[PDB]
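Student: only geometry, no sequence info:
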């Protein structure tokens, strides 16, 4: 699968971003789209994911109510919309896929991120 | 939240072997576990190396090897090559009560020489 | 039909999943450790298939005393003494989910409970958040798992 994200964005304390991710080739039925982010010089952090087949989105406890992942099967585009941006939201936001197996052996958010996006740098202030 | 405990850095000369530990891996009440390791070069996206405990995707050499033991997980690179200089993250399934996955702190592997 | 004056969709909703296994018998009663090794040879062994309830993770079959069991987590005893049941694999499949549609909500910021495509009102009273195949959704007091908007733990 091939993944490309929307370009970089500079924002504002209190504004909102929307990042995108379009998927090219997917032979996989059981799959999932996630968004992890990476603060400058710091580690990775899972923020939330979506099961596009059912539209079910899961979120971390933090980022509650500030973030909504929406996916679209028609264009194979996924979206993370994070609002009420603080300065510590400055990070690179990757979109990663979980091309799971159709035999139902592996859980839905276990972290099998094989296809990754190039990244989107969101700067605040 | 919390994170998986990794070392901050490991070192090795070309052709040598290093092992990155990882503690605090989660496991379901009934035993569902799922550990994974990623390789991140500076300015690049993470890249999958081990997806189930001790399982490799295509294109990842057998130099890279995973292992699981309780809440611990270890990644071993053998025949260290210069291209292996990157950050390394373990990633575990958060379990019953925490949604999604939990990442490790990240370990810097520097290749000497 | 409904309860509590609630009047005004697409959701993920979820016990016929089989768990293959066998039975050990000897006229002596118990070898849990060698019964597995007797199976890893790939006392006598006969296939006995059971189903597990995905919520209780409990195996069901007529060979079981009350028709239930759990997997100690090594062996499982049946009606008799000499017969212990053991799985060929010591979990809920993740391919048993679906996408139903019943529209449900009474006020703008208040949701009471949904209605199946058959017509039955399941109430959202006294439900709890439950992780199921790694996705976090509510277990209702009636005993069905749903993935909704969601604040208690089962």
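Tutor: Nice, I can see it. Numbers count the residues shown, from 1 in each chain, chains lettered A, B, ... in the order given.

Student: ok, now which ones touch the closest residue to chain C within chain B?
Tutor: Per CB to the nearest CB, residue B:99 is where chain B lies closest to chain C, at 4.8 Å. C-beta coordinates here come from the backbone N, C-alpha and C atoms, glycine included. By CB atoms under 8 Å, 6 or more residues apart in numbering or on different chains, residue B:99 lies in contact with A:58-61, A:109, C:131, C:136.

Student: any idea whether it is helix, strand or coil?
Tutor: coil (DSSP: H, G, I helix; E, B strand; the rest coil).

Student: residues in chain B within reach of chain A, list them.
Tutor: For chain B, the contact set with chain A under CB under 8 Å from any CB of the partner chain comprises B:1, B:3, B:32, B:34, B:36, B:38, B:40, B:45-48, B:51-52, B:57, B:89, B:91-94, B:98-106.

Student: what residues are up against residue 53?
Tutor: Here I'm looking at chain A. Neighbours of residue A:53 in contact, by CB under 8 Å, 6+ apart: A:29-31, A:73, C:99.

Student: wrong chain, I was asking about chain C
Tutor: C:15, C:60.

Student: any chance you could map the strands in the chain?
Tutor: By default, I'm working from chain A. Ranges of strands within chain A are A:3-5, A:9-11, A:17-23, A:33-38, A:44-51, A:56-59, A:67-72, A:77-82, A:91-97, A:121-124, based on DSSP state E.

Student: Actually, chain C is the one I wanted.
Tutor: Ranges of strands in chain C, per DSSP E, are C:11-13, C:18-19, C:21-25, C:44-47, C:50-53, C:58-60, C:84-87, C:98-100, C:128-132, C:135-139, C:145-147.

Student: show me what contacts the residue nearest the centre of chain A?
Tutor: For chain A, residue A:35 is the residue whose C-alpha lies nearest the centre (CA atoms, centre = their mean; 2.3 Å). Contact analysis of residue A:35 by CB under 8 Å, 6+ apart lists A:19, A:47-49, A:69, A:80, A:93-96.

Student: Report the two of the contacts of residue A:53 separated the most.
Tutor: The largest separation in the contacts of residue A:53, counting by CB to CB, is between A:31 and C:99 at 14.7 Å.

Student: So these two - more neighbours on which side?
Tutor: It is residue A:31, of residue A:31 and residue C:99, that has more neighbours when counted by other CB atoms under 10 Å in any protein chain shown, with 20 against 13.

Student: Next one: the closest residue to that one other than its chain neighbours from residue A:115, what distance?
Tutor: With sequence-adjacent residues excluded and distances taken as CB to CB, 6 or more residues apart in numbering or on different chains, residue A:31 is closest to residue A:99, at 5.5 Å. Between residue A:99 and residue A:115 the computed distance is 7 Å (CB to CB, to the nearest Å).

Student: Repeat that for residue C:21.
Tutor: Distance of residue C:21 to residue A:115, computed by CB to CB: 37 Å.

Student: now swap in residue C:72 and tell me
Tutor: Distance from residue C:72 to residue A:115, by CB to CB: 41 Å.

Student: Of the two, which one has the most company?
Tutor: Comparing residue C:72 with residue A:115 by other CB under 10 Å, the one with more neighbours is residue A:115, at 22 against 7.

Student: what residues are up against the more buried one?
Tutor: Counting by CB under 8 Å, 6+ apart, residue A:115 touches A:1-3, A:23, A:96-97, A:99.

Student: Considering these, which is situated nearest to residue B:9?
Tutor: Comparing those against residue B:9 with CB to CB picks out residue A:96 as the nearest, at 25.0 Å.

Student: Find the nearest non-adjacent residue to that closest one, please.
Tutor: Nearest to residue A:96 is residue A:113, by CB to CB, 6+ apart, at 3.8 Å.

Student: thinking again about what came up before, are any of the residues of chain B next to chain A buried, and which?
Tutor: Among the residues of chain B next to chain A, the ones that count as buried by 16 or more other CB atoms under 10 Å in any protein chain shown are B:3, B:32, B:34, B:36, B:38, B:40, B:45-48, B:51-52, B:89, B:91-94, B:98-106.

Student: that older thread, determine which two of the contacts of residue A:115 are furthest apart.
Tutor: A:2 and A:96 (13.0 Å).

Student: the more surrounded of those two?
Tutor: When residue A:2 and residue A:96 are compared on other CB under 10 Å, the one with more neighbours turns out to be residue A:96, at 25 against 10.
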